[PDB]
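Asker:
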Ligand SMILES: COc1cc2cc(OC)c1OCC/C=C\CCOC(=O)[C@@H]1CCCCN1C(=O)[C@H]2C1CCCCC1
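In PDB author numbering, the protein residues as written are 13 to 140.
The following block contains the structure:
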């Protein structure tokens, strides 16, 4: 399903072109402008491990997920991926461990060398 489609049709959005972060736009946003480093960013997301054993949604907390882009509050793949998104965009991201929690992982929630999948909705973003 959705992750396999991302393997298949995903744009490689890494600078190194190592397929570390793959993206499909599933619903198009609006506005020419994507977030810049520093912006306060508001999203909804659904995330899971490739192993299918953990799922997490912003909705589980009945409130948006907020973070400052590029300010190392989230995994590298989010800083890279959300910078490509427009307001109102829903995107799918498939992420190799190098752009997530690496060989150490983040036990027990994230195992060593985990691939992650996210659906992200970019709700809004404002300047510092
Ligand atoms: C291991 O840390 C978590 C990871 C995720 C959610 C968390 O709690 C809601 C987590 O615990 C509290 C810290 C919350 C977020 C810290 C960093 O998380 C992140 O950078 C990415 C991107 C932003 C949404 C959350 N996220 C996560 O890695 C989630 C994962 C939870 C397990 C399934 C894969 C998603």
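Just so it is clear, CB atoms sit at the ideal spot from N, CA and C, and this is done for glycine as well.
1. I'd like to confirm something about residue 77: is its beta-carbon nearer than 7 Å to some heavy atom of ligand 1, or not?
2. Excluding the 5 residues preceding and the 5 following residue 103 in the sequence, name in chain order all residues of the same chain whose CB lies nearer than 6 Å to its CB.
3. In angstroms, rounded to a whole number, what distance separates the CA positions of residue 76 and residue 40?
4. Starting from residue 39, follow its DSSP beta bridges and name the residues at the other end.
5. Looking at ligand 1, does it come within less than 7 Å of residue 111, judged from the CB to the closest heavy atom?
6. Can you have a look at residue 69 and say buried or exposed, based on whether 16 or more other CB atoms are within 10 angstroms of its CB?
7. Do residue 92 and residue 33 have their C-beta atoms within less than 8 Å of each other?
Answerer: Put simply:
1. yes
2. 35, 37, 97, 132
3. 19 Å
4. 102
5. no
6. exposed
7. yes
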